[PDB]
């Protein structure tokens, strides 16, 4: 390695842009660095921002695990777009329709759960009757305090 | 499990699948018979042949290798190289 | 559920291993006579899952839905539990129809074999479990809660009617 | 437009790949063989109707509308072969594909358990190290000015020599180690 | 050697941990605490011989 | 009392012993999966005995055998709870694991 | 010894597995029929359900006025 | 090691729904050249598969016979 | 590990149990409460006037 | 052995076995097998071990701590007395912690022993646990990680000042 | 404590009068003997601490740190004898003397009964560490790492000394045994505010604190293996020990004062775990994990409850052992592939099975799998901070997930997947490396059996 | 199940609610009503370790069934007659609860009729 | 039956390390556990007794196990 192969400041002159494109091993027309807004990116190229799952899996890749070649410029977020991580594959259904359908499904069933909680179902019976003043001593009540007499009558 | 495949078995299977094709008469084709000139097939017929062998052998041939396969000996050699036969 | 679900996965693994590591149901079929023991055990497990009377699944699921019917519960949850029971029946017979019946769809080289003693013995033991263990456990356990037995006719036959539908 | 040997996909390869993908998705849509055969014959008619179209931009527009038609009605979960990428058995045995050079690090005590195999390995290494300079000189005298244009490698055009860069492709681990 | 597995895998650990429970766990208080056995009417206590009287005569319904 | 706790702890010890067996190997194990399967079957029988003990009598146990850590008011001790749930779950899980390991001995033969 | 694989024909079957499958299916159906014959109450219903509207007025303590 | 294959000439589509497909295509006007390749699935031992209700009723005859025998036996022993 | 395992009554953690085993057996025998709410005796402590 | 008074246990009442059916339960047979194969060898080995113990008998004693003056009779910034008061307070702190542990053991043992009727049959253990927890919270809680005798004395003084204020406002 | 200082000082005539190539053997043997004799410090009483003389005393808090230091020295000599095989004999003896001197200052720091003596040794640990980092490192940035490591710490520690001297003019003494009985409450004022800042910011810097942690990713990834071990496992605990000693004098002003630092650490654990989720370097990942764990220890000390103190010391010991093991793993991988990139060497399980087992075990102990002492310490800190407030558990719980999101990730990218094709210098695992990892892990797994010796001075 | 439709989709002032019953006095309309009698003693129910929900008004059948199940080991299907007796008793209890529900509904309907008559005359 | 060579990394060094680790652990593990068992069986444990009048125990006489006393 040597000094003039490491990344540097943002290129301004077209000659510096061509030198940076030759350093990063691609065409000058395809070399688009990050905009110099002062975020610290520098002269690193702005790759088309897609995951490694969208690459060709049948190609003889140098690194078939990551689907990457040798000497090709890596993405700034290559650790995010590996196959172990976030995928940007084209879905058969549009994103907005999927999100709206899922939110409507969840919201509708939550609303119907609340409505059913408002109006419960039961069976036409009275309360269950337990003996000995509704089991006052068996519910952990103190034996000194005599409970209020609850009497259940035959029906 | 997974019985081994020999070159004779692969050639017999590819000749069987090609013989069960109505566009190819069985009395003229050979193992070194080209699809386009010797048998007068079509590109769509070549795709049908490739997917027939794919469904026969239970593994998928990529398109970049499927477009260059035009003769049964080439198919035998490709399947032999992929399945690592004759060890 | 542990009993019949373990045995169902065992049958599915036997079918997968007999079809050269294929886990897709769209490339199956015709295995009713190719693997008879796996067919029998899969049918028994699906019947026990759906709520076949007096199997393992009857002695737990039917009591569960009877207690859920005649209780002070949410109506919407009960309705969705009934719909989910119907859907369990639906996908169980979907597995039975696609994986086991119809016409063959696997590749031509047939290497179907299940006659090893280990697989046969394990499926046999889990089959005996999925036939009798629910009855044995339900007759052996002591009571802890009062079971519900006074229910109207339309609520008693609800699970069987929904499974049949 | 990502190919190992070529730089682009022509019209014919695009039509053939679209036909193959459409037939595979149609096979995934209808489970049974007879229904798939009927609809595959129907699709073959649909593709054969517009075969002899000499207008190039009309062929391009037919390709675009056929691609939109395929994207509109493809299966959400198409059938994938087990060894194909995205399959259930894809790259499963990569945990057993031990590279060959690990055999160079074996102890001499365990190297004596397979004498003849290691003798043949030594012969293979001698062949590779005696053909390496010849094949790199073949490569350096055949590559044009400005580097190679494509990734296609030249064969062995002489008698007694081997094709260049043959080691890591011949000695790759098997699919079932 | 047909009963090696029935001896070195069951009997020896049973001996070891029965010794451990009898002379080192039950020695310390409140280590092994057991639910009391169920007492039903009509039973007889083994400890002191008392008999639990039977229940009141049932008002039969069937 | 001296049979319930003894049989359940010897079930636990019998199940944990083949890990110590495989951790102290020098040669290649001769039919190690068969050894594990036999161990699990024996442990299933040894667990099935206190299950019918609980079915007959209704005995529940708490085995606080090893005093591990007293931190001010809190005391953490190795305590095992034998009740309805443990006694009706352990033989079922052991039977399922026995069948699963026989099936895996068939299925995972080539690995 | 073992079962030789066959190409695009019906596979070779073992008599023992066919006998075992038929025996286990017969055992399942016999168990179901036997339990439905003997128990017969867990399916159709354990107890009759009286009509709440059929109860008479004087046994419910309804004061007539 | 050596797997011999059966004769190719027996694979005809007769008696199979592939002739129904052939009749539909011939009424429309096309050909189905791949019928003979898939003719093996519909003929031989894989033909005439059972229905779903016949699949659920596997072994019902012997089970019914055993149930009748056991009921008669318990009726004899209860007397 | 053998030396650490056989440490002679680390931080008297056993001893504080055993003395407690005595002490409860004192105050349960004579009807005293198990623990008083005041750590020190209220008779020997002076409060500021308020 | 342990102390039956500080670790109480209610009298045990096991009902006699009165079987109804003629089928022999396997529990009695396995109990006989356990008593023959297992109990006798373990008993013999333990008897041999105790016989070997009986030849050489030596004693260990419980350490006795005499009473030293507490922090209420220590002068300000005189280390030679507040030191001893601090260590006595630490020993009393550990003894109190183990007392609460003993009461917790009693409560858990009662709850597990009395079974499904544990809510009624263990009221006394629950009330003793509540009393000892109230005493421990009023004596030692909220002192901090750097607790000492002076912090506990200050907390107690604040508690009696609040109690005096409350009983003055009610009279 | 004179029975441990004298053999440590005599280690230097051992390493300077040894043979041409017998320095490593003799130093390892005699340092292991010192580590064996270090177990006599376990004579702890439930009320009284072990007081040796007017200068040295050992409580139940300093004892585990002393045992860990004297155990770490032979492991350090074993770790740092592979990349120094090409070194000069005089430079090798100088390196061993530097390690011996650093260990001597460390074991004299923890036993100091005087806060001035403790502070003097606490700054005397700076010089050998800085010399090791700036001399025996590998990259260029070590020179920059020699500045951020230094001028941070002194910037926290030079005001603090003044505050300590103020105590010498106020309470009359700085002896810790005296100050436990002569302590006074601290009223709320600006003077006591800035005295609290002076007495605490040195220990926030050396722990480190989020915001002031910038020296730690720089001084961990340029330093050699011995320097990485000494920063990760011991030198980050000087701040915790100083906090635990100095919190006694700063009451009750700490109740409303600890709020911004508690919020800083409670957000810094999430920030550093998220940073660990995206780090491209193994060494930087281990450094940021150390920052997160020490922020947790900062929260535990600042809330000052007994459970928090217990969890703090358990977390300190467990994190020291685990971080030392992880750094030795990273050093072995760096020595085998000659780079620090995580994504470079993948699929090492197919080549090193035993190193894969060690990696799995170290990652298991990193995410605090029970019943390891990592889970004991982290659990007790969680209980104490739930007692402090009922919402902080959320700020704990999410953090736990992110821990399990990177440690296993640190496993997977280094162990699983298809191996790289162009790397063919992967040697089999040496006996020395495996001995190092077993000596790192077996005490950590054994301490789960008897954790009562690492549960602080109020157990 | 029709009572849910009568209460929700109809009028809730006539249909009784399950949360609070009874609202009518038990001595209204019933000349000299009789109280239910407990057979199982509190001590017998206490030392049998019955579950608190299992301690209904005829737990003596449950005690007898548990004793028979304990004393007929290992024949677990020997004495299902006690189980049938317990099931019949709890069915009778459910019938009594249904009778109480119907009584409350009819009394509420009578009260509505009474106020409707008061509205008619006034 | 056409046996194919299985390529694997050299496990000789890891096996050697594990064998050496087991040997060097057991070399002092076995005598320590043998001595501990012989002490527990023959020497045995102490007994709790009240302190007699006129006698004060030694500082090592308050512990139960012989190893703890030593």
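Labels A, B, C, D, E, F, G, H, I, J, K, L and M are assigned to the chains in the order they are written; within every chain, residues are numbered from 1.
Here is the rule we use: a residue touches a chain if its C-beta (ideal position, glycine included) is under 8 Å from a C-beta of that chain, and two chains touch if they have at least 3 such contacts.
Chains that touch both subunit C and subunit F: L.
In terms of Cα centroid distance from the overall Cα mean, chain F ranks first. Subunit D and subunit M have Cα centroids separated by 61 Å. Centre-to-centre spacing of subunit J and subunit M amounts to 32 Å, using the average Cα coordinate of each chain. Measuring from the averaged C-alpha position of subunit C to that of subunit L gives a distance of 37 Å. We define each chain's centre as the mean of its Cα atoms; on that basis subunit D and subunit H are separated by 40 Å.
Shared interface positions of subunit B, i.e. residues touching 2 or more other chains, are given as 1-4, 58, 63-64, 87. The residues of subunit D that reach two or more other chains are 3-4, 33, 44, 82, 98-99, 102, 105, 174, listed in rising order. Under the contact definition stated at the top, the residues of subunit A that touch 2 or more other chains are 58, 119, 121-122, 124, 137-139, 155.
Contacts from subunit J toward subunit M in the complex involve residues 49, 52-53, 56-64.
On the subunit M side of its complex with subunit K, the touching residues are 9-14, 16-18, 20-21.
Per the touch definition, subunit G reaches subunit H in the complex via residues 5, 7-10, 21-30, 32-34, 37. For subunit A in complex with subunit C, the residues that touch the partner chain are 112-113, 115-117, 119-123.
Residues 1-2, 5-7, 9-10, 13-14, 17, 38-39, 42, 46, 57-65 of subunit F are the ones that touch subunit E when the two sit in their complex.
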